[PDB]
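A short worksheet on the structure shown next.
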Amino acid sequence: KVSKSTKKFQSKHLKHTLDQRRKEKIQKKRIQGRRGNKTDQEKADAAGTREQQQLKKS
Amino acid sequence: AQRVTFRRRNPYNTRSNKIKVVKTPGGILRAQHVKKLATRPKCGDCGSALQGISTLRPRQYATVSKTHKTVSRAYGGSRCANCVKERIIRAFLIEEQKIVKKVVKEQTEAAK
Amino acid sequence: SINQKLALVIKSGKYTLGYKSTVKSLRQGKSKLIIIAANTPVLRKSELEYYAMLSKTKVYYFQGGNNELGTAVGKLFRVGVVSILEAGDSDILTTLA
Amino acid sequence: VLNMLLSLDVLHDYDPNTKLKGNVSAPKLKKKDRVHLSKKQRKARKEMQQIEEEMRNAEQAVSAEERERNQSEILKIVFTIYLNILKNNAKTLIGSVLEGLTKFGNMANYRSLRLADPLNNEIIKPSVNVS
Amino acid sequence: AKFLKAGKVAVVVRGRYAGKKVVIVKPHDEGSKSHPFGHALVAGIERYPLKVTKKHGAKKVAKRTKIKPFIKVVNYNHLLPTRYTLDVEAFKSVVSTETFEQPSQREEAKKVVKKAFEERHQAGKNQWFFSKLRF
Ligand SMILES: [Zn+2]
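Protein chains in written order, with the UniProt record's numbering: chain Z, 3 to 60; chain E, 2 to 113; chain V, 9 to 105; chain B, 333 to 441, 519 to 540; chain D, 2 to 136.
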């Protein structure tokens, strides 16, 4: 037997939730093949520490 | 299998209006609004529920006798037993330390 | 060392481990020395100090926590204070320790 | 002596998102392991946190706007020192002056004869003041 | 040595009289049949006397200096012994194990303790015992 909250959610919020999930999936697929989308930790690793940068300059 | 609804102005499922379903002496199901549950008084030092004090709504304490909302011990009804014991021990030890420090100061200023 | 003397006392002598037992023995006047761990709470430490002053019981401040003192005694649990009722075979009392 | 000006951090800009040293700490005290605070104490805690947040923002802004003014003044002083050394034409200070000009020029609008090698010499390879 | 002996002043830390000052009359280290634990019979102050100034006179002074006593059987775990002493020679004979099984003996013991405490307070002795502990 379906619960009341499940019925209410499926009648109210299911459609736009699924549409938003599809939109996020499409955007992720589009951005995966592009260049220039890196996280803060990844960019910090790429730049390196001050000592690493001074070594790279030298 | 009879369906019931609110009996007051509020049509929304807010915390203020909560419904229980009861079978009246007429043989039918009807809604009843339930009040907010009372909260046990808490100790002012550790926050644990006070023992020996009845749990009532804030305005219901004005209608009961003092024995139902106090404890015969000092700070009874405000602080629990362990907190009072710590307060007594700490106060006595602080006074003793003050006496000892005063004696030490008297001795160390007595050289000159 | 001091751990060897304590271990010998536990092996042969008489002891009480814990705050309640220590205070009871201090009240009964059967304590020869109280070893206090450095991890004990300040209020209980001050109460023990006052009780020792009242009962004229020697105090030794252990250089370690309650777990180090428990391991020194020989028990796999923490002990916050030890009281020496009888030295027994050891000589912790003789050496002012 | 004159080589210490080469170590002025205020005349350096690094990458905007440089990686710093690995620092790990508890993000927050656990909810079940909190200390009891009275309602007056909790309200005072909220008030002092609100004060502290705005003080932190103001201090950040003030430090940001003072670093630039200090950088300008230090640039003026350093360039005056370098140019006066050059006009004095001291044969033993030319290399350091040129290295400083090359390092801090874009911030503006023989090893046996010297002692006490510059700081981080293992990583700071001299661009102009080579051996 | 032992410090929980007759005449030793203690502070009660548990019970209705928590924080009140008592004096030990008869220590029982092995306990009793009805109290199988290390306990002590104590006589303490339930209502400390109020301070008297020069403005007060006659009947008011007689009212302010009244002392209400109490007699209790207290476990050692519920007492905090002090380093101070107070003489119990006046009422060491009324406070016994029997006193707490006969209410009339309780009444007589409280009467005697009240009289002794008021006399000692009016004599000016033991100012610390007759002063409230602020906790
Ligand atoms: Zn409490």
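Idealized CB from N, CA, C, for every residue including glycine.
Rounded Cβ spacing between residue i and residue j (contact assumed at less than 8 Å)
| i | j | result |
| --- | --- | --- |
| residue 46/V | residue 70/V | 6 Å |
| residue 14/D | residue 83/D | About 12 Å; that fails the 8 Å criterion. |
| residue 93/V | residue 53/V | The pair is not a contact, with the Cβ atoms about 21 Å apart (cut-off 8 Å). |
| residue 97/V | residue 25/V | With 8 Å as the limit, residue 97/V and residue 25/V do not qualify as a contact, their Cβ atoms being about 18 Å apart. |
| residue 85/E | residue 74/E | 7 Å |
| residue 51/Z | residue 351/B | 5 Å |
| residue 48/V | residue 88/V | 5 Å |
| residue 194/D | residue 46/D | Absent from the structure is residue 194/D, since the part of chain D shown begins at 2 and ends at 136. |
| residue 20/E | residue 12/D | Wrong, their Cβ atoms sit about 56 Å apart, outside the cutoff. |
| residue 75/D | residue 41/D | 6 Å |
| residue 343/B | residue 406/B | 7 Å |
| residue 16/D | residue 79/D | 6 Å |
| residue 38/V | residue 105/V | That belief does not hold up - the Cβ atoms of residue 38/V and residue 105/V are roughly 19 Å apart, past 8 Å. |
| residue 77/V | residue 90/V | 7 Å |
Contacts that residue i makes with chain D (C-beta to C-beta distance below 7 Å)
| i | result |
| --- | --- |
| residue 37/V | 2, 3 |
| residue 85/E | 19 |
| residue 73/E | 17 |
Where the alpha helix (DSSP H) through residue i begins and ends
| i | result |
| --- | --- |
| residue 339/B | No alpha helix (DSSP H) holds residue 339/B; DSSP gives it neither H nor E. |
| residue 538/B | Taken as a continuous stretch (DSSP letters only), residue 538/B belongs to no alpha helix (DSSP H), as it is neither H nor E. |
| residue 104/D | 104-123 |
| residue 59/V | 50-63 |
| residue 106/E | 82-110 |
| residue 42/Z | 42-49 |
| residue 77/V | 74-81 |
| residue 363/B | Counting along the chain, residue 363/B falls outside any alpha helix (DSSP H), and DSSP gives it neither H nor E. |
| residue 54/Z | 52-59 |
Chain-ordered chain E contacts of residue i [CB-CB under 7 Å]
| i | result |
| --- | --- |
| residue 136/D | 88, 89, 92 |
| residue 54/V | 94 |
| residue 14/D | 86, 89, 90 |
Beta strand (DSSP E) segment containing residue i, residue limits
| i | result |
| --- | --- |
| residue 47/D | 40-48 |
| residue 30/E | 30-35 |
| residue 425/B | Element bounds for residue 425/B: n/a, residue is neither H nor E. |
| residue 41/V | 41-44 |
| residue 356/B | Careful: residue 356/B lies outside any beta strand (DSSP E) and carries neither H nor E. |
| residue 25/Z | From DSSP, residue 25/Z is part of no beta strand (DSSP E) but of the alpha helix (DSSP H) over 16-34. |
| residue 67/V | 66-69 |
Per DSSP, cross-strand counterpart(s) of residue i
| i | result |
| --- | --- |
| residue 23/V | 92/V |
| residue 102/V | Paired residue(s): none; residue 102/V is not in a bridge. |
| residue 20/E | 34/E |
| residue 50/E | 43/E |
| residue 86/D | 9/D |
| residue 72/D | 44/D |
| residue 57/D | Bridge partners of residue 57/D: none, in fact. |
| residue 25/D | 43/D |
| residue 81/D | 12/D |
Chain V contact residues for residue i, given Cβ-Cβ distances below 8 Å
| i | result |
| --- | --- |
| residue 97/E | 58 |
Cross-chain neighbours of residue i in chain B, by beta carbon under 7 Å
| i | result |
| --- | --- |
| residue 47/E | 368 |
| residue 45/Z | 349 |
| residue 52/Z | 346, 350 |
Beta-carbon neighbours of residue i, restricted to chain E and to distances below 9 Å
| i | result |
| --- | --- |
| residue 51/V | 87, 90, 91, 94 |
Cross-chain neighbours of residue i in chain E, by beta carbon under 8 Å
| i | result |
| --- | --- |
| residue 10/D | Chain E residues near residue 10/D: none, gap ~11 Å exceeds 8 Å. |
| residue 1/D | This structure gives no information on residue 1/D, because the portion of chain D shown stretches from 2 to 136. |
Under 7 Å by beta carbon: chain Z residues contacting residue i
| i | result |
| --- | --- |
| residue 435/B | Here the premise fails: no neighbours, minimum Cβ distance about 10 Å. |
Neighbouring residues, chain B, relative to residue i (Cβ below 8 Å)
| i | result |
| --- | --- |
| residue 56/Z | 529, 532, 533 |
| residue 60/Z | 532, 533, 534 |
Chain-ordered chain V contacts of residue i [CB-CB under 7 Å]
| i | result |
| --- | --- |
| residue 77/D | 35 |
| residue 84/D | 62 |
Chain-ordered chain D contacts of residue i [CB-CB under 8 Å]
| i | result |
| --- | --- |
| residue 1/E | The structure shown does not extend to residue 1/E, since chain E is modelled only from 2 through 113, so no value can be given for it. |
| residue 63/E | Chain D residues near residue 63/E: none, gap ~26 Å exceeds 8 Å. |
| residue 39/E | Within 8 Å Cβ-Cβ: nothing; residue 39/E doesn't reach chain D, min ~27 Å. |
Chain B contact residues for residue i, given Cβ-Cβ distances below 9 Å
| i | result |
| --- | --- |
| residue 42/Z | 349 |
Which residues are close to ligand 1, meaning CB closer than 5 Å to any heavy atom, in chain order? 44/E, 46/E, 47/E, 81/E, 84/E
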